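Readers should treat all values here as calculations from the given coordinates under stated rules, not as data from a laboratory. Note that we place each Cβ from the backbone using ideal geometry, even for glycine, and neighbour counts take in every protein chain shown.
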Amino acid sequence: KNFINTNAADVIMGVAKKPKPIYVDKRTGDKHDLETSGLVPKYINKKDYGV
Amino acid sequence: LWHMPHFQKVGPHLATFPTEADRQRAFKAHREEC
Amino acid sequence: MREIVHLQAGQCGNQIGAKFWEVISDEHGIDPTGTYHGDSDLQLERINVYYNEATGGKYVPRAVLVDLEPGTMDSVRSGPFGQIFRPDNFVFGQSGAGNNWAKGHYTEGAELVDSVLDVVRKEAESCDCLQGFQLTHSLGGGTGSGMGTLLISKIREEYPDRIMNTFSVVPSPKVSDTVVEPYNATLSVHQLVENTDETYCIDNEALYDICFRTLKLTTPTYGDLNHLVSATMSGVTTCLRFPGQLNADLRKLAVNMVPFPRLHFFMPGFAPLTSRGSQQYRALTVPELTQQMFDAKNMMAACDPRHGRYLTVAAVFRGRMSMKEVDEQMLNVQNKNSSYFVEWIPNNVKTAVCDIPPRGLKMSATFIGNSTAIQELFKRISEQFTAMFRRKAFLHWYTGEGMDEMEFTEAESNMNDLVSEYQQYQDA
Amino acid sequence: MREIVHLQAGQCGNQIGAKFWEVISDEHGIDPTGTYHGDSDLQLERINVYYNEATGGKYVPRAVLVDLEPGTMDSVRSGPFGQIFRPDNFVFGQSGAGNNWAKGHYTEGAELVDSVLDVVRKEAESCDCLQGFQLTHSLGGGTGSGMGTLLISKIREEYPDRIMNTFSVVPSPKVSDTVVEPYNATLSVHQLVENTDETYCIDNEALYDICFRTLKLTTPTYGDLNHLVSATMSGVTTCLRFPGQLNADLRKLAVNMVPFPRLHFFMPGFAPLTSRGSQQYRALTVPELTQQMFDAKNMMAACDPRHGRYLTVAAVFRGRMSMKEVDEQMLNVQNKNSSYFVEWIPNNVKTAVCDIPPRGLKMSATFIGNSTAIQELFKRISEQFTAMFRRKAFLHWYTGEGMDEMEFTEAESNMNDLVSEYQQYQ
Amino acid sequence: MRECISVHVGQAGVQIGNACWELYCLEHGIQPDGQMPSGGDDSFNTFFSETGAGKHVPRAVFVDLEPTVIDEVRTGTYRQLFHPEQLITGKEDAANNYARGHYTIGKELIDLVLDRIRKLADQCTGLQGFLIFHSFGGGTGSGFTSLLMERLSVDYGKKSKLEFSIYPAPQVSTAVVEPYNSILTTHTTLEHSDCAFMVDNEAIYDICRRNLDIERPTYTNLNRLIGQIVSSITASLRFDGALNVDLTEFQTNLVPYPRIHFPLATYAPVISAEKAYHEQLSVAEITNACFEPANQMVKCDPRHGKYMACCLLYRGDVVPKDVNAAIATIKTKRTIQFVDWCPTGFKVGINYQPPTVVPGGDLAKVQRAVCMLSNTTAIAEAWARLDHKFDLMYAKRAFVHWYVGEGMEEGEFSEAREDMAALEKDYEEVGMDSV
Amino acid sequence: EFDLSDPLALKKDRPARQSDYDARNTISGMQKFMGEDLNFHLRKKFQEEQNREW
Amino acid sequence: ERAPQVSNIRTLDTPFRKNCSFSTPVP
Ligand SMILES: Nc1nc2c(ncn2[C@@H]2O[C@H](COP(=O)(O)OP(=O)(O)OP(=O)(O)O)[C@@H](O)[C@H]2O)c(=O)[nH]1
Ligand SMILES: Nc1nc2c(ncn2[C@@H]2O[C@H](COP(=O)(O)OP(=O)(O)O)[C@@H](O)[C@H]2O)c(=O)[nH]1
Ligand SMILES: Nc1nc2c(ncn2[C@@H]2O[C@H](COP(=O)(O)OP(=O)(O)O)[C@@H](O)[C@H]2O)c(=O)[nH]1
Ligand SMILES: [Mg+2]
Ligand SMILES: [Mg+2]
């Protein structure tokens, strides 16, 4: 087995890990989950909205 | 130095010379002293 | 805010870690009762990376103590720094592993892994931003290799994004003290390969050759070997703890050490290391520091790096020094000696400096080297294992505990695949 | 700047350089613990040539110290200046060769040459610009003649452009202490002709001849013999370490004064050697030093300056003086005596000076000279070797170590051309 | 007015920013506690501000992802000068990854940094532009400085954005995966940058070894020399001068073509105290040292290429006639080649105020000084060598799993090298004479 | 200058062990070791004596 | 000679005796 091509095939035929949206608000740094916090529209596009 | 055979056919982004006839003439004339 | 949870299993792992916490407590200025009693603010500013906080100004380590035999549990606290650790973190079994990888992984470690993990989740989830994990053990014993690889699997499935380190004492090539350590080493490479970001291979006779030829001890014991190993662990994470001109933490060196996610086996090394009789003849400067640093005698892995090619090299420095002369002669070792560095990476060597040296030196540095020649450490265990599997030497101690010959056949196959990994990247 | 590596081999090489590191450390100013206590500033500026630096003011000697048995290096570590040498430079084997060239070059030299070349590489890369290597050893031995020739081969192959020096103790015919001394010498020379640039042939007969007929000393020891050897070994290289009106380095003293790549066997000599009863009756000027330096008595090889034409001569003077006195004395020894020099080299005189003399002496010089009359140093040592090999005398102590008689055969083929190559200039 | 906002990103930007902001305090008399021991002088407002109570706070923002580079500033001798909210740290570093600095960890602090720059820009009555200090080799020094400028182009548009970038030196280097970061941060900055003043550590090392009588220089010596350059750049608008040069004029007189904006900065009166006693420093004599290849602060021979544009900034008691006679002799000199399509070549600027030494530094008391910022064709071989570094690591796809495995497509590498491989012919085309 | 302490012959300084039993090497420094028995002779002659009347 | 620096030292005659004051679970 040739492993020069195998390591390159894993990189070329692959996808990037999508990072979780998280936001800071401090000079000292703090990782707050952006999705669960009420700063991004999450439940405004629900199927039960308006009706 | 080595820059792979794959990164040799890549084209430029700038066309500063006014025409294409002088583009080949400028490149041919300066290989004479080098 | 960049802390790491310390893990340690096995008698070798507990004794190495016990000496490791002595070196750390000295450098940060922590007395055996656990109160900061040093001489500078820059020993307490980043005390939270290893030590927790208890009321009364007391600093409790984040290490969790693991063993299957309770004999070493009494030895750790009865040591000169044994009251420092939390008694709840002393989690242990009641029956020994008996140099069996099957008992540490399947039989005896199964009931104990659920108990230690609660203590691990205890000390990892109280962290605002955990940097990673660090487990020290050996690959010759039962609970060091068996449960030391089971614990690696459970942490990586729980914390995949966090880094994981392994300070593994892979078994010694020529001198030995266990007849089944080829079995335990073969079964413990495959778990190390797939679930660890840094692995530092440490050999006992490499430490013995250092104790003999470099240090000239009259009678070295296990305390001296754990002394030299503790130099690396404190030296590797020196940028997490103290300021530097150009610092490089635990994860940043990992990025430019491993070109591919499987070739993560390094050779440690401590540079400023001198016998008593040659102390007055040696001047503590950087050019002599970097010449002992790359010497094969100083290497804490008993494999000669001239037999292979250096894939990636790094060396983090400690002490007030000048950056120019570090940069020019670490270029020189690549230039005057260009045959043992891989041609497909132009600069193979990473530099980093900390301002604060260890207490006991004006200036210090350590060595981390990813060389091809660590394949000769592994394929010799393979020929030392294939002499035993063909005749089924001590196989009934393993297949009678819930294993089969297929697991040995695959574990030989992944180990032979890694020896095939380094050979192609050497030839390329 | 211009650092040079010291190397020693054999018990004879260990005794000589221990005396040499005694007189250099006396010269630059160094106590038995290696601390400067001199009375000048010119003594520390070129201390890098022979000494490294350590914390506290220490100057460890730039020397690697190897022998095949550890008994003689116990005395070196217990000598008057044995505490300056770094203990890592001490390289010793378990069992010595024991006056066996084959054992020194093939059997026990094999597992010790890796250790010395590691130390040599470690200490040569510390030099900013390594001016070369220089070794002192004996040619009648097993360590100096067997392994020391092996060391020269490896450090020449690894370090091509640097110059190589050696101070070989050629075994003496009339006074001798080794039966197999022709074997250890004729197996060493034909290696040493093609791997060295300067080979100083110091002989024990001439060192003895100086001690009686010049020093008038009643009971010489090996300290009194190595003192004369250490005097010329410091005097050859004195412009490398001290300023002068006309400087001359080691390469300067080599490339100028060897005419062909085989004519590199040399004749040392130290001029101002005076008797204690005749010291106060002797003046110290340029003319008295010139006449006595070229005399056949003060020669340091057991072959007179006479059996052949002087190929080239080099004199490295020392002290505060005027050059025309040096020039007129060289002029007055060429015009009055023009029959002992080659006629195809017309300007055959080399001069070299330093403003700083040796301690306790106003004026001094070191004579170096190529002459044909060193061919008898090889003809006579081969006429007794070919009288010994022809009956296969001591061959089982050599052929059983992994060598054959063809290596012996090419030794005489280099003992009938090197003497021959000397003889076409007659 | 004439306000300027400085952004220091990465460990390099902070360490240079420490030496930049100590020098700006000594040029104005602002003490480390932010009090001027004196409406008098208002020359500080280009760098500093006011709070009414006599406190001067820098118009700078300090961003890093590793806390232990800014935490010295928070607990150092200048702990009361900088606003705490202007010093910004994260939790984890970029780990020498452009992907971490751009896509995952750099996207963290970018909204807070943009917020802080807006509060700084709201206090600016007249804003000359943005100065950004980073290193091509660092993780956040390449990633976050790339994400910032894309956001500055969205938010501030055509506002002048100048960079002080630490180039990877062609032979001496620190990191291994450093050539990967250099290609990536060059590709996404070409259309967003306006001009990029470039300097590397190896060429300063030789200048510190030779021109100054200091053996084994430190990073602290390098940052003061860079700090003297940025001071010499801005002090035309800080101080009274004969020829005023502004930050907007640098992009016009040094960037002829949109995709080439990499001039080279040098500071020629850098001489030791022992060596300043012997030689005179005249205007003609110090401006020839701007053109010596050994005195260039970028390790590349300008004789290998051709000069495209030069920006001479004179600082001190320089006479404009001696400035003029000096440039005329350089034009008559044949070993310096200028391109045919730039017959002018030279922009000169003169400031009256002498450089003030840092008390206890390496630089000598020069009465006059000159700082040269020149765009040369000779930087093309630096890209050619930098191509030899990235590519020789990319043919085996080495060190890409750290990049492709975190937020970044592999096709980024398959587009970011081809675009900067076009710079090789862009520098070729501007280096051919028209017949 | 500011930094100094690298150039101008400051190499004349502490060898990091002036002698035995100094209070500065401690255990974080890697110069003192437990394996070197400075009383190896004195323990031996105690044991040489101890085997005699045994 | 290096016994204090092995389990808990209580046995005076032989300091190399075992001392499971620990282990021995509270149940
Ligand atoms: N001239 C100069 N260059 C510096 C200095 N400090 C760091 N550098 C350069 O910066 C490069 C590394 O980038 P840094 O800014 O230090 O690190 P970083 O930007 O924080 O990158 P990460 O820590 O990986 O996120 C090195 O290769 C150095 O060449 C300095 O003080 N002066
Ligand atoms: N370096 C070092 N190695 C040790 C130490 N103690 C044990 N070892 C190694 O660990 C191996 C055996 O480990 P073992 O006692 O069976 O660990 P267990 O699994 O806890 O029983 C031996 O080959 C030793 O070389 C120590 O203090 N230092
Ligand atoms: N000039 C001189 N010759 C010596 C001295 N010591 C020994 N020799 C000579 O060295 C020869 C023996 O060399 P040997 O014992 O084999 O040394 P080795 O070759 O290093 O093993 C003897 O014939 C002596 O004449 C000395 O102090 N001075
Ligand atoms: Mg000369
Ligand atoms: Mg950083």
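Details
- Efficiency of FRET from Cβ geometry, D:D355 and E:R210, R₀ 30 Å, rounded to 0.05: 0.45
- Cα extents of the range C:3-257 along the three principal axes, largest first (Å): 50, 45, 41
- With only Cα atoms counted, chain C has Rg and Dmax values of 20.8, 62 Å.
- Taking the convex hull of the alpha carbon positions in the range D:375-425 and averaging its projected area over all directions gives 3.6 nm².
- MRE, 222 nm, helices only [DSSP H, n ≥ 4, -39500 (n - 2.57), over the protein assembly as shown, to nearest 500]: -10500 deg cm²/dmol
- Here the range C:1-115 yields Rg over Rh of 1.02, to two decimals, using C-alpha coordinates and the Kirkwood radius.
- For the listed residue pairs D:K174/D:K379; A:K31/C:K350; C:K324/D:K122; D:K58/F:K12; C:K336/D:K122, the alpha carbons are over 18 angstrom apart in A:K31/C:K350; C:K324/D:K122.
- Estimated inter-spin distance, F:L42 and D:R276, nm [label 7 Å along Cα→Cβ]: 4.7 nm
- In this structure, F:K11 and D:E405 have a Cβ-Cβ separation that, at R0 = 56 Å, corresponds to a calculated FRET efficiency of about 0.50.
- The chymotrypsin sites (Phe, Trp or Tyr not before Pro) of the range C:253-318 include none that meets both conditions, a loop assignment by DSSP and at most 11 other Cβ atoms within 10 Å of the site Cβ.
- On the principal axes of its alpha-carbon atoms, the range C:303-373 has extents of 36, 26, 16 Å, going from largest to smallest.
- Average beta-carbon neighbours from other chains, 10 Å sphere, peptide E:91-104: 5
- Modelled spin labels at E:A325 and G:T11, positioned 7 Å past Cα toward Cβ, are 10.0 nm from each other.
- The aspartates and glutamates within cross-link reach of C:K154, meaning a Cα-to-Cα straight distance under 13 Å and a gap of 8 or more places when in the same chain, are C:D114, C:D118, C:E194.
- Looking at the range D:3-257, the DSSP beta bridges with both ends there are about 10 percent antiparallel.
- Computed from the Cα positions only, the extents of the range E:73-187 along the three principal axes stand at 44, 37, 26 Å, in decreasing order.
- The separation of chain F from the range D:132-148, counted between C-alpha centres, amounts to 37 Å.
- Of the trypsin sites (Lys or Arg not before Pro) in the range C:346-376, not one is in a loop by DSSP (not H, G, I, E or B) with at most 14 other beta carbons within 10 Å.
- The calculated FRET efficiency for the pair D:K324 and E:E292, based on their C-beta separation and a Förster distance of 45 Å, comes to about 0.45.
- Within straight-line reach of C:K216, meaning a Cα separation under 18 Å, sit the following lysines at least 8 residues removed in sequence or on another chain: C:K297, F:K32.
- Translational diffusion coefficient (Stokes-Einstein; Kirkwood radius from C-alpha pairs) of the range E:153-226 at 20 °C, 1.002 mPa s, in µm²/s: 149 µm²/s
- Among beta bridges that DSSP assigns inside the protein assembly as shown, antiparallel share in %, nearest 5: 35 percent
- Charge dipole (Cα centre; +1 on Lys/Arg Cβ, -1 on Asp/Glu Cβ; no other charges) of the range C:375-425 amounts to roughly 300 debye.
- Expressed as a fraction of 2.2 N^0.38 Å, the C-alpha radius of gyration for the protein assembly as shown is 1.06.
- For the range E:307-370, DSSP calls about 30 percent of its internal beta bridges antiparallel.
- Qualifying trypsin sites (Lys or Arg not before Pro) in the range E:309-398, where qualification requires a DSSP coil assignment and no more than 14 other C-beta atoms within 10 Å, comprise E:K333, E:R334, E:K365.
- Within the range D:118-155: backbone nitrogen closer than 20 Å to the D:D417 label point (7 Å, Cα to C-beta): D:153
- The alpha carbon centroids of the range E:178-230 and the range C:284-318 are separated by 29 Å.
- Taken about its Cα centre, the protein assembly as shown carries a charge dipole of roughly 1840 debye when the Cβ of each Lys and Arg holds +1 and the Cβ of each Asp and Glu holds -1.
- In range of the label at E:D115: residues from the range E:155-178 whose backbone nitrogen is under 18 Å from the point 7 Å along Cα→Cβ: E:155
- Rough spin-label spacing in nm, given labels placed 7 Å along Cα→Cβ, for E:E249 and F:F2: 3.1 nm
- Think of the protein assembly as shown as a dipole: +1 on every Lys or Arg Cβ, -1 on every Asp or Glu Cβ, centred on the Cα centre; then among E:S414, C:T409, D:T219, D:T219 lies furthest on the positive end.
- Kirkwood hydrodynamic radius (C-alpha pairs) into Stokes-Einstein, chain E, 37 °C and 0.692 mPa s, D in µm²/s: 148 µm²/s
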